[PDB]
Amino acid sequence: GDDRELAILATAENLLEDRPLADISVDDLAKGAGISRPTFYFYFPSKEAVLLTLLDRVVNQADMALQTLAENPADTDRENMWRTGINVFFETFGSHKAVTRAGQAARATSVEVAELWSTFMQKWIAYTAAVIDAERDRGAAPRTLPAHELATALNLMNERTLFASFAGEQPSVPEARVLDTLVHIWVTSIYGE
């Protein structure tokens, strides 16, 4: 039941490590999951729906980790607060590089993937802006740019920069340097006058 669905998703995630979704057939997913092709269509309408499901799981994993941080503040300085938050995305998406890569590509062809990404980016930007606003209200950060616009640019920077690093794009920040790079830009732009 749910056993076969998880097998399809595990097969898809593993095959995406080796080739794009365009190079994966429904028969590949069924064969790797130990089922027939008609049985596959009971669980998923298409291979694109499998990727949508995988991306939904990764994005909710990141969101739930951020929710955990929000409820459990780490007793540390302000730079470490931002670093621990950026690390949620570095670690979660960096642990699922193949699904991350395929998911971003699917944005151009799937309105469901595009809407899923848009929905969570809006949530993450709104939370970023709320934390910036809290830092301004306590007097720690200066009232410079509108917080929501600053939050938008910083979140888009992280999206583009993390995903370029994971994909080994030319140009990209080395994966071993990208966390420090992003933290620097966040902290200077949020606290700098």
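The first residue of the sequence shown is number 1, and the count goes up from there. Superpose the two forms; the largest set of C-alphas matching within 1.5 Å is the rigid core.
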Worksheet item: Core-superposed in 9 other deposited structures of this protein, which stretch deviates more in Cα positions, 66-74 or 47-55?
Response: 66-74
Discussion item. Between 97-105 and 76-84, which one shows the bigger average Cα displacement from this form in 9 other deposited structures of this protein once the rigid core is aligned?
Written reply: 76-84
Fill in: Residue stretch of maximal mean CA temperature factor, 79-87 vs 99-107
99-107
Discussion item. Tell me which stretch, 164-172 or 64-72, has the higher mean Cα B-factor listed in the entry.
Written reply: 64-72
Worksheet, complete the sentence: In this crystal structure's PDB entry, the residue among 48, 149, 159, 56 with the greatest CA B factor is 48
Worksheet item: Taking the entry's C-alpha B-factors for this chain, is residue 26 in the lowest, middle or highest third?
Response: highest
Worksheet entry | Within-chain third of residue 7 by Cα B-factor, per the entry | highest
Item to complete: Going by the recorded CA B-factors, say which third of the chain residue 130 sits in, lowest, middle or highest.
Response: middle
Worksheet entry | Chain thirds of CA B-factor: placement of residue 33 | highest
